[PDB]
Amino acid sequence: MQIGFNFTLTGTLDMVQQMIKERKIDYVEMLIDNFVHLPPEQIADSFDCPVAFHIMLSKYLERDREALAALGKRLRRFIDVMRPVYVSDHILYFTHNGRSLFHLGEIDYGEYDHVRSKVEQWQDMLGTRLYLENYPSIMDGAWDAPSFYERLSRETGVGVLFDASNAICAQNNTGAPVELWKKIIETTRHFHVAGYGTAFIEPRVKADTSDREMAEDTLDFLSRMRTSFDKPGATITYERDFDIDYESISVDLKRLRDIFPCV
């Protein structure tokens, strides 16, 4: 298990480079579509470690093809220069009838035929194996998603970026046990982990706010099934998007390495 950190804001650089130098993380996952106008060689020369790619806002499920192709070709040039460990993206509903959601929607997994066609086309544009992340479900599509990603992954060669946190959100909001994902966990080698929050008006509903330490059950999940997570090429990226505190992050990182010792 290589441990990673997600680099999203330009002003976290000095701190991220210091966790690299101090061997607290082995690679850097990059929200690459935020840096598409940066010179790609510059990113590779700011990290003395491997990088991986996470794409937030392709909107490949809805974006027009001319804009989508241009993004793909720019991402292709970045893939060539940095050789990312993997390239990943999401399954997200961004836009209802022309207007933008600010809290992104879980796609309706009954729409398999539509997702499949866009995933194939997007992954073709990217020119490489794509990994798709699971939504931190609130509504009951949580019970549908494990069987849906499995299907999508064998008809299209696509990988699953299994985010343990989001699956535990899914469990707490819908009952849908994380065990539903065992076959995917034992297949993919790339994982996400973060802390989750709560709604302002319902502490029982869990939000993917990425702002705090991981829960005691997101750590039980990685502990209980560390054998199924860990495998030869395996990685887990720790996400912290808000309250980016060097010491609060650093203990969650060691907390990860306690679960996955180096040998």
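One rule holds for the numbers: they count along the sequence shown, beginning at 1.
Judged by mean Cα B factor in the deposited record, 39-47 ranks above the other of 57-65 and 39-47. The deposited model assigns a higher average Cα B-factor to 241-249 than to the other stretch when 241-249 and 21-29 are compared. In the PDB entry, the Cα temperature factor peaks, among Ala194, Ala52, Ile236, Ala70, at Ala194. Of the candidates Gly159, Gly127, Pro177, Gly98, the deposited coordinates give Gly98 the top C-alpha B factor.
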